[PDB]
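As structure tokens, the structure follows; a few thoughts come after it.
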Amino acid sequence: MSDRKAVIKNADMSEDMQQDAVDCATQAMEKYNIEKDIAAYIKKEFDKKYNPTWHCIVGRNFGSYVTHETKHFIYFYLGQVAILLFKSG
């Protein structure tokens, strides 16, 4: 039935993260499902490629650290899950 794994509610990043994060979350959730390891492969990919310091979340909205730093975030909801990637300036 109706059930996808990608829904951007609001993207403030340069889109690249929408494609990267979504695919990182798609390849991470399909390749794995540890939940924690997922956020690591996402933060790791963006950390060892775009240099720190980001902070992606995988759950609902428990991040509470988006604007707290700057304004470099990117929201995207997954099937029965939520993820938010953000970094400081």
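Labels for the structure tokens follow display order: chains A, B, ..., residues from 1 in each chain, ligands from 1.
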Exercise. Per DSSP on the backbone, filter region 5-39 of chain A down to the residues in strand (DSSP E) and report them as a list in words.
Key: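 For region 5-39 of chain A, the strand (DSSP E) set is residues 7, 8, 9, 10 and 11 of chain A.
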Could you turn the residues from that selection into a file that holds C-alpha atoms, as a tab-separated table (two decimals), in the first residue's frame?
```tsv
chain	number	residue	atom	x	y	z
A	7	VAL	CA	9.52	13.24	2.30
A	8	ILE	CA	11.25	16.61	2.67
A	9	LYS	CA	9.08	18.87	4.80
A	10	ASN	CA	11.54	21.77	4.65
A	11	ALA	CA	15.04	21.92	3.18
```
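For residue 3 (chain A), the residues within 10 Å (counting only C-alpha atoms, excluding itself and residues fewer than 5 positions away along the chain) are residues 78, 79 and 80 of chain A.
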Quiz item: Quick one, how far is CA of residue 20 (chain A) from CA of residue 33 (chain A)?
Solution: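 Distance reported for this atom pair: 18.0 Å.
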Quiz prompt | Which of A:70, A:31, A:24, A:63 sits closest to residue 44 (chain A) [using only C-alpha atoms] | solution =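 Result for the nearest residue to residue 44 (chain A): A:24.
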Practice problem: Determine, counting only C-alpha atoms, which protein, DNA and RNA residues have an atom within 12 Å of an atom of residue 68 (chain A); residues of the same chain fewer than 4 positions away are not included. Present the result as a list in words. | Solution: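 Residues meeting the cut-off are residues 55, 63, 64, 72, 73, 86, 87, 88 and 89 of chain A.
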Would you mind exporting N, CA and C atoms of the selected residues as a short mmCIF file (atom, residue, chain, number, x, y, z; two decimals), in the first residue's frame?
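What landed in again-v2.cif:
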```
data_model
loop_
_atom_site.label_atom_id
_atom_site.label_comp_id
_atom_site.auth_asym_id
_atom_site.auth_seq_id
_atom_site.Cartn_x
_atom_site.Cartn_y
_atom_site.Cartn_z
N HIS A 55 25.49 17.45 12.56
CA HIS A 55 24.80 16.68 13.58
C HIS A 55 23.43 16.23 13.08
N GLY A 63 16.58 16.29 18.17
CA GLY A 63 17.83 16.98 17.91
C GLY A 63 18.00 18.20 18.78
N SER A 64 17.06 19.14 18.68
CA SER A 64 17.11 20.37 19.47
C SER A 64 18.51 20.97 19.46
N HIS A 72 22.40 26.06 8.96
CA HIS A 72 22.75 25.09 7.93
C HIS A 72 22.14 23.73 8.23
N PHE A 73 20.82 23.64 8.15
CA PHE A 73 20.12 22.39 8.43
C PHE A 73 19.37 21.89 7.20
N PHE A 86 22.11 18.99 10.37
CA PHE A 86 22.48 20.39 10.54
C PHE A 86 23.91 20.53 11.02
N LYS A 87 24.49 21.70 10.78
CA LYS A 87 25.87 21.97 11.19
C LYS A 87 26.05 23.43 11.57
N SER A 88 27.13 23.70 12.28
CA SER A 88 27.42 25.07 12.72
C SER A 88 28.34 25.78 11.74
N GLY A 89 28.47 27.09 11.90
CA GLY A 89 29.33 27.86 11.01
C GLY A 89 30.66 28.21 11.65
#
```
Practice problem: Extract, using only C-alpha atoms, all DNA, RNA and protein residues at most 7 Å from residue 83 (chain A), discarding same-chain residues fewer than 2 positions from it, and format them as a ChimeraX atom specification. | Solution: /A:56-60,75-77,81,85
Using C-alpha atoms, can you export the residues from the last selection as an mmCIF file, in the first residue's frame?
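Once everything was written out, this is out_0.cif:
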```
data_model
loop_
_atom_site.group_PDB
_atom_site.id
_atom_site.type_symbol
_atom_site.label_atom_id
_atom_site.label_comp_id
_atom_site.auth_asym_id
_atom_site.auth_seq_id
_atom_site.Cartn_x
_atom_site.Cartn_y
_atom_site.Cartn_z
ATOM 1 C CA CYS A 56 22.145 14.502 11.934
ATOM 2 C CA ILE A 57 19.229 13.015 13.872
ATOM 3 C CA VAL A 58 17.284 9.818 13.270
ATOM 4 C CA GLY A 59 13.976 9.512 15.089
ATOM 5 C CA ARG A 60 11.549 12.414 15.397
ATOM 6 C CA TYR A 75 14.753 18.396 7.312
ATOM 7 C CA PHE A 76 13.501 15.199 5.680
ATOM 8 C CA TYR A 77 10.959 12.677 6.946
ATOM 9 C CA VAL A 81 10.785 8.017 10.832
ATOM 10 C CA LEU A 85 20.909 17.119 9.407
#
```
Quiz prompt | helix (DSSP H, G or I) positions in region 2-86 of chain A, given as a VMD selection string | solution = chain A and resid 16 to 31 36 to 50
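If you measure from each of A:69, A:62, A:17, A:74 to residue 46 (chain A) using only C-alpha atoms, the closest one turns out to be A:17.
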Quiz prompt | Length of the CA of residue 52 (chain A) to CA of residue 14 (chain A) vector [Å] | solution = 16.5 Å
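Compared by their closest atoms to residue 5 (chain A), and using only C-alpha atoms, the residues A:84, A:42, A:66, A:22 rank with A:22 nearest.
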Quiz item: How far is it from CA of residue 45 (chain A) to CA of residue 21 (chain A), in Å with one decimal?
Solution: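 Those two atoms sit 9.2 Å apart.
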